[PDB]
>>> print(open('protein_26.cif').read())   # mmCIF, C-alpha atoms and all ligand atoms
data_model
#
loop_
_atom_site.label_atom_id
_atom_site.label_comp_id
_atom_site.auth_asym_id
_atom_site.auth_seq_id
_atom_site.Cartn_x
_atom_site.Cartn_y
_atom_site.Cartn_z
CA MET A 1 114.01 122.18 96.91
CA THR A 2 111.81 120.56 94.29
CA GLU A 3 108.35 119.79 95.62
CA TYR A 4 106.09 117.09 94.27
CA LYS A 5 102.41 117.56 95.01
CA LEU A 6 101.06 114.01 95.34
CA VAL A 7 97.41 113.14 95.88
CA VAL A 8 96.14 109.76 97.01
CA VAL A 9 92.57 108.98 95.85
CA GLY A 10 90.27 105.97 95.79
CA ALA A 11 87.16 104.47 97.40
CA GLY A 12 86.63 104.41 101.14
CA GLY A 13 88.67 101.81 102.96
CA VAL A 14 91.04 100.84 100.14
CA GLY A 15 94.06 101.80 102.24
CA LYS A 16 94.96 105.29 101.02
CA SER A 17 95.90 106.32 104.55
CA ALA A 18 97.65 103.07 105.39
CA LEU A 19 99.80 103.47 102.28
CA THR A 20 100.77 107.02 103.15
CA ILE A 21 101.45 106.20 106.80
CA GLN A 22 103.62 103.25 105.79
CA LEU A 23 105.65 105.50 103.44
CA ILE A 24 106.14 108.31 105.95
CA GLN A 25 105.97 106.64 109.37
CA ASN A 26 107.19 103.14 108.55
CA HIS A 27 104.34 101.14 110.06
CA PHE A 28 100.85 99.80 109.37
CA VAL A 29 97.83 101.50 110.97
CA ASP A 30 95.68 98.34 111.32
CA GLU A 31 92.57 100.15 112.52
CA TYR A 32 89.45 102.08 111.59
CA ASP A 33 90.15 105.80 111.10
CA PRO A 34 88.32 107.50 108.16
CA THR A 35 90.02 110.51 106.57
CA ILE A 36 88.50 113.92 105.97
CA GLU A 37 91.63 115.49 104.55
CA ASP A 38 95.20 114.99 105.78
CA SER A 39 98.50 116.38 104.57
CA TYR A 40 102.00 114.95 104.96
CA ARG A 41 105.14 116.80 103.96
CA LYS A 42 108.34 114.76 103.96
CA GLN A 43 111.79 115.57 102.75
CA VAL A 44 113.28 112.63 100.89
CA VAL A 45 116.09 111.77 98.49
CA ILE A 46 114.94 110.01 95.36
CA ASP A 47 117.57 108.97 92.83
CA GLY A 48 120.01 111.37 94.45
CA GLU A 49 117.64 114.34 94.30
CA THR A 50 116.53 116.07 97.50
CA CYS A 51 112.80 116.73 97.25
CA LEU A 52 109.76 117.53 99.31
CA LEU A 53 106.85 115.12 98.97
CA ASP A 54 103.71 117.08 99.74
CA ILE A 55 101.15 114.27 100.00
CA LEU A 56 97.43 114.86 100.26
CA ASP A 57 95.54 111.97 101.80
CA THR A 58 91.92 112.30 100.75
CA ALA A 59 88.45 111.02 101.66
CA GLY A 60 86.89 108.04 99.95
CA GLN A 61 83.66 109.25 101.60
CA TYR A 64 82.91 115.23 99.81
CA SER A 65 82.59 115.02 95.99
CA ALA A 66 82.45 118.73 95.06
CA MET A 67 85.18 119.11 97.67
CA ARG A 68 87.30 116.98 95.32
CA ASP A 69 87.73 119.49 92.48
CA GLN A 70 89.93 121.80 94.51
CA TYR A 71 92.54 119.23 95.55
CA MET A 72 92.53 117.67 92.09
CA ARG A 73 93.07 121.13 90.58
CA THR A 74 96.31 121.79 92.50
CA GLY A 75 97.42 118.16 92.54
CA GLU A 76 100.49 117.35 90.51
CA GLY A 77 100.41 113.56 90.42
CA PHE A 78 97.86 111.01 91.63
CA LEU A 79 97.99 107.62 93.29
CA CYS A 80 94.75 105.94 92.20
CA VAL A 81 94.10 103.24 94.76
CA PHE A 82 91.67 100.31 94.86
CA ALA A 83 91.83 97.12 96.93
CA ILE A 84 92.32 93.75 95.23
CA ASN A 85 89.67 92.15 97.46
CA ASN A 86 87.13 94.86 96.60
CA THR A 87 85.74 94.78 93.05
CA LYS A 88 83.56 97.83 93.63
CA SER A 89 86.62 99.95 94.51
CA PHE A 90 88.21 98.98 91.17
CA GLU A 91 85.10 100.11 89.32
CA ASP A 92 85.09 103.38 91.26
CA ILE A 93 88.66 104.12 90.32
CA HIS A 94 87.53 104.63 86.71
CA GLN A 95 85.36 107.48 88.02
CA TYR A 96 88.22 109.03 89.96
CA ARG A 97 90.46 109.10 86.89
CA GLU A 98 87.74 110.69 84.74
CA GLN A 99 87.13 113.34 87.38
CA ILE A 100 90.82 114.15 87.57
CA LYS A 101 91.08 114.40 83.76
CA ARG A 102 88.05 116.71 83.71
CA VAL A 103 89.12 119.01 86.56
CA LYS A 104 92.68 119.35 85.25
CA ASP A 105 91.71 119.58 81.58
CA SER A 106 94.26 116.93 80.73
CA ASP A 107 94.56 113.22 80.03
CA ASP A 108 98.30 113.63 80.47
CA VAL A 109 98.38 113.91 84.28
CA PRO A 110 100.97 111.76 86.11
CA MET A 111 99.10 108.85 87.64
CA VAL A 112 99.77 105.38 89.05
CA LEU A 113 97.09 102.72 89.38
CA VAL A 114 97.59 101.01 92.73
CA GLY A 115 96.14 97.62 93.67
CA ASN A 116 96.46 97.55 97.44
CA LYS A 117 96.06 94.83 100.12
CA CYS A 118 97.98 92.34 98.01
CA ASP A 119 98.82 90.54 101.27
CA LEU A 120 95.20 89.28 101.44
CA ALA A 121 94.43 85.78 100.13
CA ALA A 122 90.76 86.37 99.24
CA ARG A 123 91.43 88.29 96.01
CA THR A 124 88.53 89.33 93.74
CA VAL A 125 90.31 91.62 91.26
CA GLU A 126 92.73 89.79 88.95
CA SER A 127 96.05 91.54 88.23
CA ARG A 128 95.38 91.07 84.52
CA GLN A 129 92.27 93.28 84.46
CA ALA A 130 94.03 96.00 86.42
CA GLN A 131 96.94 95.66 83.97
CA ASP A 132 94.77 96.00 80.89
CA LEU A 133 93.08 99.04 82.40
CA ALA A 134 96.38 100.68 83.28
CA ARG A 135 97.86 99.83 79.87
CA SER A 136 94.73 101.24 78.19
CA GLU A 137 95.12 104.52 80.07
CA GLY A 138 98.86 104.87 79.61
CA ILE A 139 99.70 104.62 83.31
CA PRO A 140 101.73 102.17 85.36
CA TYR A 141 100.14 99.47 87.53
CA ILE A 142 101.72 98.59 90.85
CA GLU A 143 100.43 96.26 93.53
CA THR A 144 100.95 97.19 97.17
CA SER A 145 100.50 95.96 100.70
CA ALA A 146 100.43 98.78 103.25
CA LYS A 147 100.60 95.99 105.80
CA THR A 148 103.86 94.32 104.70
CA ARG A 149 105.23 97.43 102.92
CA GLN A 150 105.46 95.43 99.69
CA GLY A 151 105.55 97.81 96.72
CA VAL A 152 104.90 100.94 98.79
CA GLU A 153 108.07 102.83 97.80
CA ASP A 154 107.72 101.44 94.26
CA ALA A 155 104.30 103.09 93.97
CA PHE A 156 105.12 106.51 95.39
CA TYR A 157 108.57 106.77 93.79
CA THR A 158 107.22 105.63 90.41
CA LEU A 159 104.66 108.44 90.64
CA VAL A 160 107.45 110.93 91.35
CA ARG A 161 109.41 109.64 88.35
CA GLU A 162 106.26 109.93 86.22
CA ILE A 163 106.10 113.61 87.23
CA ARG A 164 109.80 114.07 86.28
CA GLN A 165 109.12 112.33 82.96
CA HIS A 166 106.10 114.44 82.12
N1 LIG B 201 95.41 93.53 105.01
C1 LIG B 201 95.51 94.83 104.70
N2 LIG B 201 94.73 95.69 105.30
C2 LIG B 201 94.95 96.96 104.89
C3 LIG B 201 95.85 97.42 103.96
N3 LIG B 201 95.75 98.79 103.82
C4 LIG B 201 94.82 99.14 104.67
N4 LIG B 201 94.30 98.07 105.36
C5 LIG B 201 93.25 98.07 106.36
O1 LIG B 201 92.07 98.38 105.66
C6 LIG B 201 91.32 99.39 106.40
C7 LIG B 201 91.22 100.73 105.67
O2 LIG B 201 92.46 101.45 105.71
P1 LIG B 201 92.55 103.01 105.46
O3 LIG B 201 93.99 103.26 105.23
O4 LIG B 201 91.94 103.69 106.61
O5 LIG B 201 91.74 103.29 104.16
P2 LIG B 201 91.38 104.66 103.53
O6 LIG B 201 91.27 104.43 102.07
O7 LIG B 201 92.35 105.68 103.98
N5 LIG B 201 89.92 105.05 104.09
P3 LIG B 201 89.21 106.47 103.99
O8 LIG B 201 88.80 106.70 102.55
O9 LIG B 201 87.90 106.41 104.74
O10 LIG B 201 90.15 107.50 104.58
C8 LIG B 201 91.94 99.42 107.79
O11 LIG B 201 91.35 98.39 108.62
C9 LIG B 201 93.40 99.12 107.47
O12 LIG B 201 94.15 98.64 108.56
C10 LIG B 201 96.68 96.48 103.31
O13 LIG B 201 97.54 96.69 102.45
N6 LIG B 201 96.44 95.18 103.75
MG MG B 202 92.06 107.37 104.91
MG MG B 203 108.18 98.92 110.10
#
>>> encode(input="protein_26.cif", output="structure tokens")
Amino acid sequence: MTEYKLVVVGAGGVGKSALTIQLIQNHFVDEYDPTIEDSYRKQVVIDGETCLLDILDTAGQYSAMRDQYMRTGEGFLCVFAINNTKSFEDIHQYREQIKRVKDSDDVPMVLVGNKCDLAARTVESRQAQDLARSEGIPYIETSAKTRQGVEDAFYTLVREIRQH
């Protein structure tokens, strides 16, 4: 079957793992558990097509160790947290590193604003929007906790790969 090589990147603690675990294991981790590098492979049906999601869950903490997984990566979830301004700034750097490593500014990518269940927001949707719009990528807000937007985000990425 068709495989889609997805890579989840972003600053430490933004909820990259929680997002992936919600998608694959239908629950919210709700705990401290930093990632080194984890891989999930799940057979799904998206828009009637059987496919294998091969998802790489990466470290927000291993910078030269990033090139290799960006090289093979097919599409990228670029995650920040809407209560964490710094993480939104960092996500600029992730995108630039992906573009550089892959020698392309045409790599399938979704900008993800996670933790949208939290009231104490510090990153307005509008600024994330403008940034996404500027870069030619979709913007989707998620809550790994309530599952809001989680399938939207991952499936949109898959469709962005099919549309490439
Ligand atoms: N309220 C809320 N908390 C979330 C959400 N996603 C993750 N968290 C919480 O935020 C923390 C970080 O989650 P985690 O998934 O480990 O982040 P990460 O980006 O994978 N971290 P790392 O880069 O170190 O692997 C945990 O306490 C987790 O339960 C979310 O959507 N909402
Ligand atoms: Mg993690
Ligand atoms: Mg559930």
>>> residues_near_ligand(input="protein_26.cif", ligand="ligand LIG 201 (chain B)", cutoff="6 Å", atoms="all atoms listed in the file", output="ChimeraX atom specification")
/A:11-18,29-35,59-61,116-117,119-120,145-147
>>> residues_near_ligand(input="protein_26.cif", ligand="ligand MG 203 (chain B)", cutoff="8 Å", atoms="all atoms listed in the file", output="number ranges by chain")
A: 22, 26-28, 149
>>> write_last_selection(input="protein_26.cif", atoms="C-alpha atoms", output="mmCIF file, keeping the file's coordinate frame")
data_model
loop_
_atom_site.group_PDB
_atom_site.id
_atom_site.type_symbol
_atom_site.label_atom_id
_atom_site.label_comp_id
_atom_site.auth_asym_id
_atom_site.auth_seq_id
_atom_site.Cartn_x
_atom_site.Cartn_y
_atom_site.Cartn_z
ATOM 1 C CA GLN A 22 103.620 103.250 105.790
ATOM 2 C CA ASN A 26 107.190 103.140 108.550
ATOM 3 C CA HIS A 27 104.340 101.140 110.060
ATOM 4 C CA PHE A 28 100.850 99.800 109.370
ATOM 5 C CA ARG A 149 105.230 97.430 102.920
#
>>> closest_residue(input="protein_26.cif", among="A:7, A:122, A:111, A:53", to="residue A:134", atoms="only C-alpha atoms")
A:111
>>> closest_residue(input="protein_26.cif", among="A:93, A:121, A:1, A:72", to="residue A:42", atoms="all atoms listed in the file")
A:1
>>> closest_residue(input="protein_26.cif", among="A:91, A:3, A:153, A:57", to="ligand MG 202 (chain B)", atoms="all atoms listed in the file")
A:57
>>> residues_around(input="protein_26.cif", residues="residue A:46", least_positions_apart="3", cutoff="12 Å", atoms="only C-alpha atoms", output="NGL selection string")
:A and (2-4 or 42-43 or 49-53 or 153-154 or 156-161 or 164)
>>> closest_residue(input="protein_26.cif", among="A:90, A:56, A:65, A:5", to="ligand MG 202 (chain B)", atoms="all atoms listed in the file")
A:56
>>> closest_residue(input="protein_26.cif", among="A:109, A:21, A:118, A:9", to="residue A:163", atoms="all atoms listed in the file")
A:109
